[PDB]
Each structure stands twice: as C-alpha cells, then as structure tokens.
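Peer 1: One structure, as structure tokens, below. Some questions next.
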Amino acid sequence: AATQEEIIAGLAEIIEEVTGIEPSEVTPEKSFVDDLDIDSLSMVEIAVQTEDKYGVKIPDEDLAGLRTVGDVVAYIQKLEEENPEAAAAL
Amino acid sequence: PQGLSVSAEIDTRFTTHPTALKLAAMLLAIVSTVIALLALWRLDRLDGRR
C-alpha cells in the first residue's frame, strides 16, 4: 500500500507543474477551490497528467467528488487496496 | 469613309468566374474537411470525458 506522505508528494509535484503552487502548501486539509485557488479546468489537467505518469484513469464521474486532499488520498488508497492488480512497474 | 477602322482590345484578365468543375471542386474540399474533423473528434472522445 502507498503511504500518505508519498501520495501527497506525488500529487504536489503535479500541482506545482500545472499551476505553480509550492509543495509546502499541499496539506491534507486544503480544499481545491477555496484555499488553493485551483479551478476545475486545472483539475482536468491534473487528472490527465496523473494518467500520463502512473496509469490511473480518474473518470469525471468521480472527479467532482474530490473536495480536499484527504479525499484524494482516500480514493487512491481504496482503489489500490481493492484491486490487487496494481502493476507499479515504473 | 470605307476601310477606315480602329480596333483595340481591352485587357480584361481579372474579370473571370469559375466553371462547374471549379465549383464542384470547391464545394468538395469543405465537406470532406469537416468530415475529417468530426472523425478526429470522435477518435479524441475515446478518453471518456464530456
């Protein structure tokens, strides 16, 4: 199972490439639109660059239900613990 | 008098209009273009985002 401090560390390096927010602001209690001003037209880009590095297809059915970083870490944790087919081969 | 004549010839070389072939070939380079664009859009829509 992926640790929380590496999930956040992998999400911050994408948020910093897309928007430019320093990775010292990405904490598990920050909202994606109020605290960190990240419109959803940037959440789409984050979800694209996520799949373009680690094969992970986050459908827009679920891309709306992510309001905080804790939601992201919980979603990734549950999907990786449910499916044992996580390749993780680079 | 008879025989007197002055016959010029104007240079109207920019006053043209296309034929049926040049029109059928102009109204067929715009339909296939939008058809190809629609096909490329349908191919792009594979990622499941609307």
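Residue numbers start at 1 in each chain; chains themselves are named A, B, ... in the order of the structure tokens; ligands are numbered from 1 in the order shown.
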Could you list the residues in chain B lying within 10 Å of chain A, using only C-alpha atoms, and format the result as JSON, numbers by chain?

Peer 2: {"B": [47, 48, 49, 50]}

Peer 1: From the options A:31, A:89, A:66, A:83, which residue's atoms come nearest to residue 47 in chain A, counting only C-alpha atoms?

Peer 2: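 Ranked by minimum distance to residue 47 in chain A, first place goes to A:66.
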
Peer 1: Can you list, as a CSV table (one decimal) with N, CA, C and O atoms, in the first residue's frame, all residues belonging to range 1-39 of chain B that DSSP tags as alpha helix (DSSP H)?

Peer 2:
```
chain,number,residue,atom,x,y,z
B,20,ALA,N,-18.3,25.0,-63.7
B,20,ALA,CA,-18.9,24.0,-62.9
B,20,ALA,C,-17.9,23.1,-62.2
B,20,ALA,O,-18.1,22.6,-61.1
B,21,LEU,N,-16.8,22.8,-62.9
B,21,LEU,CA,-15.8,21.9,-62.3
B,21,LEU,C,-15.1,22.6,-61.1
B,21,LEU,O,-14.9,21.9,-60.1
B,22,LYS,N,-14.7,23.8,-61.3
B,22,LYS,CA,-14.1,24.6,-60.2
B,22,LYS,C,-15.0,24.8,-59.0
B,22,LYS,O,-14.5,25.2,-57.9
B,23,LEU,N,-16.3,24.7,-59.2
B,23,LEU,CA,-17.3,24.9,-58.1
B,23,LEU,C,-17.5,23.5,-57.4
B,23,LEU,O,-17.6,23.5,-56.2
B,24,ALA,N,-17.6,22.5,-58.2
B,24,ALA,CA,-17.8,21.1,-57.6
B,24,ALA,C,-16.5,20.7,-56.9
B,24,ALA,O,-16.6,19.9,-55.9
B,31,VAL,N,-16.5,20.0,-47.5
B,31,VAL,CA,-17.3,18.9,-46.8
B,31,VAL,C,-16.4,17.8,-46.3
B,31,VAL,O,-16.6,17.4,-45.1
B,32,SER,N,-15.4,17.4,-47.0
B,32,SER,CA,-14.5,16.4,-46.6
B,32,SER,C,-13.7,16.9,-45.4
B,32,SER,O,-13.3,16.1,-44.5
B,33,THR,N,-13.4,18.2,-45.4
B,33,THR,CA,-12.6,18.7,-44.3
B,33,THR,C,-13.3,18.6,-43.0
B,33,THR,O,-12.8,18.2,-42.0
B,34,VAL,N,-14.6,19.0,-43.0
B,34,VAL,CA,-15.4,18.9,-41.7
B,34,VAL,C,-15.7,17.5,-41.4
B,34,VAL,O,-15.8,17.2,-40.2
B,35,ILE,N,-15.8,16.6,-42.4
B,35,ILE,CA,-16.0,15.2,-42.1
B,35,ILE,C,-14.7,14.6,-41.4
B,35,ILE,O,-14.8,13.9,-40.4
B,36,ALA,N,-13.6,15.0,-41.9
B,36,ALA,CA,-12.3,14.6,-41.2
B,36,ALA,C,-12.2,15.1,-39.8
B,36,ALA,O,-11.7,14.5,-38.9
B,37,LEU,N,-12.6,16.4,-39.6
B,37,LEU,CA,-12.6,17.0,-38.3
B,37,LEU,C,-13.5,16.3,-37.3
B,37,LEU,O,-13.2,16.0,-36.2
B,38,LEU,N,-14.7,15.9,-37.8
B,38,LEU,CA,-15.7,15.2,-37.0
B,38,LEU,C,-15.1,13.8,-36.6
B,38,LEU,O,-15.3,13.3,-35.5
B,39,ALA,N,-14.5,13.1,-37.6
B,39,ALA,CA,-13.9,11.8,-37.3
B,39,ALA,C,-12.7,11.9,-36.3
B,39,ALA,O,-12.6,11.1,-35.4
```

Peer 1: Would you pick out the contacts of range 24-28 of chain A at 7 Å or less, using only C-alpha atoms, so that residues sharing its chain but fewer than 6 positions from it are not included, and give the list as JSON, numbers by chain?

Peer 2: {"A": [12, 68, 69, 70]}

Peer 1: What does the file look like for those residues with C-alpha atoms, as a PDB file, in the first residue's frame?

Peer 2:
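New file part.pdb:
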```pdb
ATOM      1  CA  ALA A  12       2.253  18.080  -5.144  1.00  0.00           C
ATOM      2  CA  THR A  68      -9.980  18.078  -0.320  1.00  0.00           C
ATOM      3  CA  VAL A  69      -6.609  16.344  -0.475  1.00  0.00           C
ATOM      4  CA  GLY A  70      -7.786  13.842   2.131  1.00  0.00           C
TER       5      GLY A  70
END
```

Peer 1: Taking 3 positions as the minimum chain separation for residues in the same chain, which residues sit within 12 Å of residue 50 in chain A when counting only C-alpha atoms? Answer as a list in words.

Peer 2: residues 7, 10, 11, 12, 13, 14, 15, 17, 18, 43, 44, 45, 46, 47, 53, 54, 55, 56, 57, 58, 59 and 76 of chain A

Peer 1: Could you save the residues just selected, with C-alpha atoms, as an mmCIF file, in the first residue's frame?

Peer 2:
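After the write, out-v6.cif holds the following:
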```
data_model
loop_
_atom_site.group_PDB
_atom_site.id
_atom_site.type_symbol
_atom_site.label_atom_id
_atom_site.label_comp_id
_atom_site.auth_asym_id
_atom_site.auth_seq_id
_atom_site.Cartn_x
_atom_site.Cartn_y
_atom_site.Cartn_z
ATOM 1 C CA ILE A 7 0.717 10.080 -2.356
ATOM 2 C CA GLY A 10 3.396 12.735 -5.929
ATOM 3 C CA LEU A 11 0.328 14.950 -6.159
ATOM 4 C CA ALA A 12 2.253 18.080 -5.144
ATOM 5 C CA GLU A 13 4.803 17.681 -7.945
ATOM 6 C CA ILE A 14 1.918 17.675 -10.447
ATOM 7 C CA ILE A 15 0.081 20.589 -8.829
ATOM 8 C CA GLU A 17 3.861 21.792 -12.628
ATOM 9 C CA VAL A 18 0.293 22.608 -13.688
ATOM 10 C CA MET A 43 -8.275 19.639 -12.086
ATOM 11 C CA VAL A 44 -8.840 18.134 -15.538
ATOM 12 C CA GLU A 45 -5.209 18.853 -16.423
ATOM 13 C CA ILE A 46 -4.057 17.333 -13.125
ATOM 14 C CA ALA A 47 -6.121 14.206 -13.808
ATOM 15 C CA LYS A 53 2.765 9.281 -15.457
ATOM 16 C CA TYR A 54 1.045 6.497 -13.476
ATOM 17 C CA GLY A 55 -1.633 4.676 -15.414
ATOM 18 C CA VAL A 56 -4.710 5.807 -13.477
ATOM 19 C CA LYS A 57 -7.971 6.772 -15.195
ATOM 20 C CA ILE A 58 -9.945 9.014 -12.833
ATOM 21 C CA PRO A 59 -13.335 9.372 -14.571
ATOM 22 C CA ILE A 76 -6.261 6.331 -4.181
#
```

Peer 1: Near residue 79 in chain A, counting only C-alpha atoms, which residues have an atom at most 12 Å away, once you skip same-chain residues fewer than 5 positions from it, shown as a list in words?

Peer 2: residues 1, 2, 56, 57, 58, 72, 73, 74, 84, 85 and 86 of chain A
